[PDB]
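FYI, side chains are in, hydrogens and waters are out, and symmetry mates aren't considered; it's all heavy atoms of this structure. Read the numbers this way: they start at 1 and go in the same order the structure lists the ligands and their atoms. Note on naming: letters A, B, ... go to the chains in the order of the sequence lines (proteins, then strands), and numbering restarts at 1 for each one.
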Protein chains: 6
Amino acid sequence: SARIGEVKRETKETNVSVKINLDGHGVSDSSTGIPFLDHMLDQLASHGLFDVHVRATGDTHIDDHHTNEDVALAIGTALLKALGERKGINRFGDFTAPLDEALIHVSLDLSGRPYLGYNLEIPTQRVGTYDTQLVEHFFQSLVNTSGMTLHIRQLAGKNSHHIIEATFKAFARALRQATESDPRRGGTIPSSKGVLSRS
Amino acid sequence: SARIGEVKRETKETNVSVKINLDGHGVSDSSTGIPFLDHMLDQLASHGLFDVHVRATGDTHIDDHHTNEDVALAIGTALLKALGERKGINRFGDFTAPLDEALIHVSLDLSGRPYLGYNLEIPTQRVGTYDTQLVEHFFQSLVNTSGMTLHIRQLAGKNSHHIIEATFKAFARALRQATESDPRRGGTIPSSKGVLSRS
Amino acid sequence: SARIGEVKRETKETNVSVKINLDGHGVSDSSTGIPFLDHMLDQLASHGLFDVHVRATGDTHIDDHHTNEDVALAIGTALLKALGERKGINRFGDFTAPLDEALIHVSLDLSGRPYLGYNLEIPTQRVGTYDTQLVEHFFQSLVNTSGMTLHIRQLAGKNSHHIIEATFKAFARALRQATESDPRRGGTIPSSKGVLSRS
Amino acid sequence: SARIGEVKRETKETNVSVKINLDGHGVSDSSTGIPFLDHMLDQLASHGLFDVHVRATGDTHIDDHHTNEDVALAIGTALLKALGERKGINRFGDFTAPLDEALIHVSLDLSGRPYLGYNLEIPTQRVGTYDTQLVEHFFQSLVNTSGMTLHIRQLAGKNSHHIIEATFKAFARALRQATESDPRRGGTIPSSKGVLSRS
Amino acid sequence: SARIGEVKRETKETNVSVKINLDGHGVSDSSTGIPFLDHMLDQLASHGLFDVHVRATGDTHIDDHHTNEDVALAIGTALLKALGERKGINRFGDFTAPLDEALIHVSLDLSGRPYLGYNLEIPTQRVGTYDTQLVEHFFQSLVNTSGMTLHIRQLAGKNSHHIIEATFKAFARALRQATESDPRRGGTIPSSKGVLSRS
Amino acid sequence: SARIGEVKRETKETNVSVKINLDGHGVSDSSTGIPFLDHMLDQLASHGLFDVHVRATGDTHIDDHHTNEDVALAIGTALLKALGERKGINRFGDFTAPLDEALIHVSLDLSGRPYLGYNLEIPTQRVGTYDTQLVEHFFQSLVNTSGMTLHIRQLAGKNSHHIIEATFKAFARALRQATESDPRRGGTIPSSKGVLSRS
Ligand SMILES: O=P(O)(O)C[C@H](O)Cn1cncn1
Ligand SMILES: O=P(O)(O)C[C@H](O)Cn1cncn1
Ligand SMILES: O=P(O)(O)C[C@H](O)Cn1cncn1
Ligand SMILES: O=P(O)(O)C[C@H](O)Cn1cncn1
Ligand SMILES: O=P(O)(O)C[C@H](O)Cn1cncn1
Ligand SMILES: O=P(O)(O)C[C@H](O)Cn1cncn1
Ligand SMILES: [Cl-]
Ligand SMILES: [Cl-]
Ligand SMILES: [Mn+2]
Ligand SMILES: [Mn+2]
Ligand SMILES: [Mn+2]
Ligand SMILES: [Mn+2]
Ligand SMILES: [Mn+2]
Ligand SMILES: [Mn+2]
Ligand SMILES: [Mn+2]
Ligand SMILES: [Mn+2]
Ligand SMILES: [Mn+2]
Ligand SMILES: [Mn+2]
Ligand SMILES: [Mn+2]
Ligand SMILES: [Mn+2]
């Protein structure tokens, strides 16, 4: 049966709803109020094969920050819920993807333990209307609620849209791999300590 | 009524029990299987005025790592449970404490959002039998489950025991401050967004 | 009786009204025409417990500069009026607050003597639509009319919104401390020279 | 039929027995007299899905060196025996795995030709009682008897236990991949020269 | 009952009398024969709320050194006597105070263990007739007899009078904090080892 | 009549007893629970000709730190008591001693004024089980209670045991010299100010 996580999250700053199917067919349905982020979430669906449903509204007149953050938090929680006990999964994901001159390595472990290693150097401040500082924050917030160890490494790149989009493509493929069933492990928990937890 | 958090946490590596009273009288009752850590937890009680009850066993024949980590995780969860909705608290804590030549600044925010900034340079590898790398890991794990933003800055120090112990003293006082009641805010949540959460 | 300062200030560039209660309950009521600034003033209320009422209009088609400046001037005057002779207060405030990876130290003295020490390095030029140069100018103008010695020190930070917001949180807490009653000094002026003045 | 390699190896320094199933279910059964090494061998089973049976005794009063070395030699021989002619396998393995802040890339070729490329910089001398120089020696000895080309690259890391354990996790996954059946090659030897040999 | 320490100290170089009330109302009554020092002691009273009574005479025709030193020694002894067993106190003090462009951080621990960490760089040799080397010596001598761990850190400053005076203001506030009653600790000794002593 | 100082000192961490005869015959009787320290105290007796009786127990399961410190404190107090008014003594001591390649200069003044200047660079972290950071702490604590100005300068050395032991030999000889009777001064106090005191 498909692993689906659903989240509603609201504060005085933002209102967010997320539904993610780990066992999806790449259904893309993201509307965050941040068009560039929507385009990136579309890569998560197209390349990760997640079904990604996101709705957000928020205080974008202040800046895109709170929206971006709260979307990421809610996505991370949806991943946590869908993953459950993490029985029988690959756990680890590793993929390097390009977009033209950009080349980004993503490695992750669905350990339960939040950590972000990130070294992107995005050479412009705005891609469309999107503040490029928010990319790091998206991943940081997502790892915090999902209980993910995540490394993002820039191997090459100059165009900011290419750098960011290659990151999402690599992330999508690494996350797909990690969430997928391990065909040899017979449904067992993939941990020598017998459990995977965010606590 | 006193804010008390209780946690039991067990894996194939370790077995941990924690009870913390935020509104304590400094009752010290820590036995982790790591004597140096016990001594540090005793500062948390003595200077923070938390009642700190900790029991742990684990795979110390491998190394103190898993025990140290899992104690920290469980303490963080106990803090999270005791704090609840975080209504009426100071939220922020800030304190710099010495131990002789050592001087350590600790600043924290009980935001719900885990983050550790840490720059200690502990010049020896073992204090007694305790691996000095485990200090950073203790705080990292604790912030992750407690939902704490924490900065630890070494301003001076040479003796490893002094550096580490001053850190725990400063942390204890900053955490005390942050967890204490704000006498002017009338029980309100100390956040412009109306909520403080680890999600 | 509550210490309240009220200011109306108008030029050909801007029109500003401010009312601040030093002895407030954190009532937030700021509308400057600069949404990011409103969000920052909201931290001043939430964390400083000032009641902050601000209205401004101005020549934002030129840039946010004159508005930002004139709001700050008027706030400083409101603080000066509310403070009066400064009898019985703590006078000094000192607080370091984080926002995730950002960490900002604010120290101030309600001496009457305007001074700003500031070393923020905000790595992007715009947070939303807000020009990040205007942060320094806000504090500079505020100290000039309030008669405040103010130091703002960036200890850590990368995200521009985090850096700026941590600054306002630290400032709010330091200003709260400084303006609050000193419970031991018996209503006396906190100065060896017998007076505190902007002249 | 499952590919199983069994080795008994004894000198005046050590006594070692190894049994490895390449086509295992992750059965972990390692007791080397070096607890940290046992914990690492447990990752080899848990993540590589090898059945790993190891027993060793030896001159640990001198140091763990001879034991560590001779265990590695015997494991390498067991791999060589189990692999046989290396018909129909993937041959190459490539995986990057993290453990929190640590990130280690392992690439290997089951060519028959021993080579170790290794650049770990493990910042402490002892993890528990285990001498961290012995990690490099473990892999060097293993490649020598197994006939493996192996590269181990530290991409990130600070905690010695994390660095070493991430290495074993990445190694386990790369070795799993390399030893597994290539579903398209129809049982053929994966070499343009028609043979894979340690001679 | 108020904690008062009284000292008479005389040598062939100097004659000194000190009386300090830890629980004072800021009574300033210092006449050392060194006017600049008197002005600084006046800050100790005004901002620390100590009652400070000092009389000294000495060999100022040689230089202010012996007087400055012996005043400091006697003040430290008076603090030691007044503090007694140090039951129920905060123990630690931490405060950063400015004077215009100067900004000085003082952190102290009333541990019993004398230590001075000091990094002031006072850019002129004389403030009035007062030799600016004597500032460091004042604090060094004071810590030695009081049994105080003391750190003084220059964060900013150019004017020598500002640097020195900000130091005394910060020191006064940190010492006030440390000597004050801890309202939660119920009169207990604030030390995990059960005693605070200069021996 | 022989100058003998006796001290009992106990906390929750340690229990210490010291008896020192300044006018001894080199009777060595030290048992601190730290064998390396005992060996060093034996040099103090053998080369200084002090009769040195020390007993300590303490929390060595945490580390040797508290024991080492408290032994030093108690020895310093015993020296202070035995020295009394310091009439008729040499006061100053100066000696440089080698141990093979190591060469250590010790200069001291029995002034009453505690100060340690120390520049040893001991190239290993443990000599036997003894943490080499504790050497500096031993001397620092000793000067604090004895009222000694002490300089320790490493002129040469590589072997940690040689460096430390040469330090104790030089210290022993310098202290012997300083404590011995000045045969020309006729019992007078060796100070132009007419008194030597720790206050
Ligand atoms: O990665 P896991 O949790 O499956 C097993 C590890 O042994 C736990 N660990 C966490 N830090 C060091 N080791
Ligand atoms: O600190 P908070 O959550 O009370 C309010 C902040 O506005 C939320 N925030 C988080 N990142 C930037 N802003
Ligand atoms: O800070 P104050 O004004 O209370 C007293 C100072 O002595 C005045 N001052 C100003 N510059 C140097 N000293
Ligand atoms: O990797 P192989 O042995 O399958 C084929 C290679 O051509 C052999 N070789 C070894 N060095 C250079 N080439
Ligand atoms: O600061 P204290 O004396 O309350 C307790 C410390 O454990 C004693 N100590 C002194 N050096 C290292 N530890
Ligand atoms: O060394 P003493 O105490 O005998 C005499 C000195 O004159 C006192 N002194 C202390 N600092 C400077 N001089
Ligand atoms: Cl600082
Ligand atoms: Cl790479
Ligand atoms: Mn944020
Ligand atoms: Mn695109
Ligand atoms: Mn770990
Ligand atoms: Mn201690
Ligand atoms: Mn302007
Ligand atoms: Mn915000
Ligand atoms: Mn070897
Ligand atoms: Mn492990
Ligand atoms: Mn002097
Ligand atoms: Mn002045
Ligand atoms: Mn110590
Ligand atoms: Mn020897």
Tabulate distances under 3.5 Å between N/O atoms of ligand 1 and N/O atoms of the protein, writing both atom names on each line.
unit_1	atom_1	unit_2	atom_2	d
ligand 1	1 (O)	A:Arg91	NH2	2.9
ligand 1	1 (O)	A:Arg113	NH2	3.0
ligand 1	1 (O)	D:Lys169	NZ	2.7
ligand 1	3 (O)	A:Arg113	NH1	2.8
ligand 1	3 (O)	A:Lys193	NZ	2.7
ligand 1	4 (O)	A:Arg91	NH1	2.8
ligand 1	4 (O)	A:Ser191	OG	2.6
ligand 1	7 (O)	B:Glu13	OE2	2.8
ligand 1	7 (O)	B:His66	NE2	3.2
ligand 1	7 (O)	D:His39	NE2	3.1
ligand 1	7 (O)	D:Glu165	OE1	3.3
ligand 1	7 (O)	D:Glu165	OE2	3.2
ligand 1	11 (N)	B:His65	NE2	3.0
ligand 1	11 (N)	B:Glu69	OE1	3.0
ligand 1	11 (N)	D:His162	NE2	3.4
ligand 1	13 (N)	B:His66	NE2	3.1
ligand 1	13 (N)	D:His161	NE2	3.3
ligand 1	13 (N)	D:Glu165	OE1	3.3

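No close placement of the B:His66 and B:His137 rings is indicated, their centers lying 6.0 Å or farther apart. A distance below 6.0 Å separates the ring centres of C:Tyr115 and C:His151.
Ring geometry for B:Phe36 versus B:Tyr130: interplanar angle under 30°, hence parallel rather than tilted (30 to 60°). Ring orientation note: the planes of E:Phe139 and E:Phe168 are tilted relative to one another, at an angle of 30° to 60°.
Protein atoms of type N, O or S found under 2.8 Å from the Mn ion (ligand 18) total 3.
Under the 3.5 Å distance criterion, the side-chain polar atoms of B:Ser141 are left unmatched by any main-chain donor or acceptor of B:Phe138.
With sequence neighbours left out, the salt bridge (charged side-chain N to carboxylate O under 4.0 Å, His left out) criterion links F:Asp29 to F:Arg55.
Screening residues 161-172 of chain F for salt bridge (charged side-chain N to carboxylate O under 4.0 Å, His left out), with sequence neighbours left out, gives F:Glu165-F:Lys169.
Shortest non-hydrogen contact noted between D:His162 and D:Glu101 is ND1-OE1, 2.7 Å.
A salt bridge is absent between C:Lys193 and E:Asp42; no separation between the charged side-chain nitrogens and carboxylate oxygens falls under 4.0 Å.
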